[PDB]
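Novice: coords below, sequence missing:
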C-alpha cells in the first residue's frame, strides 16, 4: 500500500531553518511528481512546492510566498522527498503534508503530516493532572509548548467514550483536556490510565485516575 | 516538459 | 494567482438528504485543447489528511462512491452529495490545477440531528495541582446538539467570568453531537477562600439551566 511518512517538524525560531523528509512506499516513486502542501493553524490548505520526475528533468515549482526560501528535492533511489526551509517566518507555522501528485491528474495520496511551529518561545513540558470524580473521568494536560500533544486512555484499549478537546493557547502556554466515560463497574475495580506524550520534550506520563 | 500543464515526458 | 471562492461557508443537512455546494474560479479553468476543466474536489475529515474526491471537474477518483458528483465548467463548478451520511461531515475544498495550485476557503458540512441535552460533570482541582500553587476547576459538557450552549461559572453564587478557557469539539462522526470543556483557573489562595463551585449550563434542550456543583 502507498505509504508517505513525513518527519522532522518541530519548534524553530524565526529566521531559522528546518528540513522535512518524506519516506514513500507502495508505488514507483521514480515515476511520480511529488508535492508539499501545508495547512496553517485552523486554516485551509496552501500548496507549497512541487518536483516533477526525472523524465521531466526534475522540474521544480514554488508558491510565490515560499519562493527562493524553500528547496524541494528528492532521492529516487531512496524514495525520499525533502523540503529544506530557510529564513523561516511565523507564517510558515502549520502542518506540512507530503502529497503524491501525478502530473495531469490530481493529488493522489497525502501523508499524515508533520507539525512545524515558528516562535521564539521555548519548549515547556505539560503538567498532567488526574481529574477524578457510567462515570466520567478526565485528564488535564496544561501548560505545555509547543503543540501537539498525544493523549490516549489505557494505551489504546479506551477509544470509545473519549473526547479530547482541541488545545487552547493562553499566555504563551497550551491547555488541553480529555474525558473518558466507562461503566460504573470497571472503576475503581479496573484500572484507568491517562497516557500523555509531548514529543517536543520527549515527555511521556501514565497518569492512573485513582480514587 | 517546461510547462506546468505538461504531461508528455522528455530529457 | 487564480482565486477560488466557495459557498456556503457552512452547510447543515439531515442524514439521507442531498447537498450542493459551489466553487467559483477567478479565472477560466477550461483548457481549450483537451476541453478539460482543471478543477478537483477534496475533503478533510476531523483530524485526518485531505482525500481526493473528484478531478477534471467530474471524474470520481479511484474508490470514491457514486454519491459524489462533480459538475460545472469554465469558472463555475459544483459538488453534489446524495444520501449524505454521518460519515460525510468534513470540510470540502475545490482546488485548481490550471496554473500552479490553488485551493478554496473550504465549505464545512454539518449533520442536522435530533436535539440532545449535555451530560455535565464538574471536577475539583487535583491535589497535585494544588501543591503547585494553582487550582483549576474543570467542567465537561458532553454529547449535545445543537452546538450553542452557554456555560456560567458561579463561585458561592457570584458569576466568575475571568479565567475561563472554553473549547468545543468537532461534531462526532458517529453520534453527530458536540462536546465542550470549561476550565476555571484560580490560585490556591482564591480556591481556599471559597466553598461551593458550580458549572451552570443553558441550552435549548431544557427549561431551566443545568447546574453541577460541589462545595469544597
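Specialist: Great, that's in hand. Numbers count the residues shown, from 1 in each chain, chains lettered A, B, ... in the order given.

Novice: from now on I want contacts and neighbour counts done on CA atoms only, so please keep to that.
Specialist: Fine.

Novice: contact partners for the closest residue to chain C within chain A?
Specialist: Across chain A, the shortest distance to chain C (C-alpha to the nearest C-alpha) belongs to residue A:165, at 5.4 Å. Going by C-alpha atoms under 8 Å, 6 or more residues apart in numbering or on different chains, residue A:165 touches A:176-178, C:167-169, C:179-181.

Novice: repeat the analysis, applying 7 Å as the threshold.
Specialist: A:176-178, C:167-169 (C-alpha atoms under 7 Å, 6 or more residues apart in numbering or on different chains).

Novice: same deal with residue A:52?
Specialist: Residue A:52 neighbours (C-alpha under 7 Å, 6+ apart): A:33-34, A:58-60.

Novice: restrict the residues you listed to contacts with chain B.
Specialist: Near chain B, judged by C-alpha under 7 Å from any C-alpha of the partner chain, there are no entries from the contacts of residue A:52.

Novice: for PyMOL, write the select line for the buried members of the residues you listed.
Specialist: Command for PyMOL, covering only those of the contacts of residue A:52 found buried under the criterion 16 or more other C-alpha atoms under 10 Å in any protein chain shown:
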select buried, chain A and resi 33+34+58+59+60
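
Novice: which of the contacts of residue A:52 fall within helices?
Specialist: Secondary structure assignment by DSSP state H places none of those in helices.

Novice: one step back: export the contacts of residue A:165 to TSV and tack on neighbour count?
Specialist: What follows is these, written out as TSV (neighbours: other C-alpha atoms under 10 Å in any protein chain shown):
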residue	neighbour count
A:176	24
A:177	26
A:178	21
C:167	19
C:168	18
C:169	18
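
Novice: can you tell me which of those is closest to chain B?
Specialist: residue C:169 (40.1 Å).

Novice: wait, the closest one sits on residue C:180?
Specialist: Yes - contact criterion C-alpha atoms under 7 Å: residue C:169 and residue C:180 qualify, at 6.2 Å.

Novice: now do the same contact list for the residue of chain A positioned farthest from its centre.
Specialist: Ranked by distance from the centre of chain A (C-alpha atoms, centre = their mean), the top residue is residue A:185, with 36.1 Å. Listed by C-alpha under 7 Å, 6+ apart, residue A:185 has no contact partners.

Novice: ok, it to residue A:134 distance?
Specialist: 8 Å (C-alpha to C-alpha, to the nearest Å).

Novice: buried ones in stretch A:134-148?
Specialist: For stretch A:134-148, by 16+ other C-alpha under 10 Å, it's A:136-148.

Novice: next step: these restricted to strands.
Specialist: Using DSSP state E, the subset of those located in strands is A:136-144.

Novice: so which of these also contact chain C?
Specialist: Applying C-alpha under 7 Å from any C-alpha to these, none is adjacent to chain C.

Novice: JSON lines for those, including distance to chain B?
Specialist: Formatted as JSON lines, these follow (distance: C-alpha to the nearest C-alpha, whole Å):
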{"residue": "A:136", "distance to chain B": "55"}
{"residue": "A:137", "distance to chain B": "54"}
{"residue": "A:138", "distance to chain B": "52"}
{"residue": "A:139", "distance to chain B": "50"}
{"residue": "A:140", "distance to chain B": "49"}
{"residue": "A:141", "distance to chain B": "47"}
{"residue": "A:142", "distance to chain B": "47"}
{"residue": "A:143", "distance to chain B": "46"}
{"residue": "A:144", "distance to chain B": "43"}
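
Novice: so which of those comes closest to residue A:50?
Specialist: residue A:144 (34.4 Å; C-alpha to C-alpha).

Novice: for that closest one, what are its contacts?
Specialist: Neighbours of residue A:144 in contact, by C-alpha under 7 Å, 6+ apart: A:124-126, A:173-175.

Novice: repeat for residue C:161
Specialist: Taking C-alpha under 7 Å, 6+ apart, one finds residue C:153 in contact with residue C:161.

Novice: list the contacts of stretch C:167-181.
Specialist: A:165-166, A:168, C:46, C:86-87, C:89, C:111, C:113, C:139-145, C:147, C:166, C:182.

Novice: identify the farthest-apart pair in the ones in strands among the buried residues of stretch A:134-148.
Specialist: Pairwise over those, using C-alpha to C-alpha, the maximum falls at A:136 and A:144, 24.2 Å.

Novice: tell me the secondary structure at residue C:189.
Specialist: The three-state label given to residue C:189 by DSSP: H, G, I helix; E, B strand; the rest coil is helix.

Novice: so what's the residue count around residue C:32?
Specialist: 8 (other C-alpha atoms under 10 Å in any protein chain shown).

Novice: distance-wise, check it relative to chain B.
Specialist: Using C-alpha to the nearest C-alpha, to the nearest Å, we find residue C:32 at a distance of 12 Å from chain B.

Novice: among the contacts of stretch C:167-181, which lie within strands?
Specialist: Per DSSP E, these map to strands at A:168, C:111, C:139-144, C:166, C:182.

Novice: and chain B, which residues reach chain C?
Specialist: So chain B meets chain C at residue B:4 (C-alpha under 7 Å from any C-alpha).

Novice: looking at chain B, which residue is nearest chain C?
Specialist: residue B:4 (6.6 Å).

Novice: in a strand, that residue, correct?
Specialist: No - assessed with three-state DSSP, residue B:4 is coil; it does not lie in a strand.

Novice: need the phi and psi values for it.
Specialist: phi -50, psi -40 (degrees, to the nearest 10).

Novice: nearest spatial neighbour of residue 3, skipping sequence neighbours?
Specialist: Answering for chain A, as no chain was given. residue A:25 (4.7 Å; C-alpha to C-alpha, 6 or more residues apart in numbering or on different chains).

Novice: the intended chain is chain C.
Specialist: residue C:26 (5.1 Å).

Novice: and the most centrally placed residue in chain C, how far from residue A:164?
Specialist: Nearest to the mean C-alpha position of chain C, by C-alpha atoms, centre = their mean, lies residue C:170 at 3.8 Å. The gap separating residue C:170 from residue A:164 is 10 Å, by C-alpha to C-alpha.

Novice: now swap in residue A:132 and tell me
Specialist: Residue A:132 is 16 Å from residue A:164, by C-alpha to C-alpha.

Novice: how about residue C:46?
Specialist: Separation of residue C:46 from residue A:164 (C-alpha to C-alpha): 12 Å.

Novice: the two: who's more crowded?
Specialist: residue A:164 (21 against 15).

Novice: circling back to that earlier point, got TSV for the contacts of residue A:165, with secondary structure too?
Specialist: Output for the contacts of residue A:165, formatted as TSV (three-state DSSP):
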residue	secondary structure
A:176	strand
A:177	strand
A:178	strand
C:167	strand
C:168	strand
C:169	coil
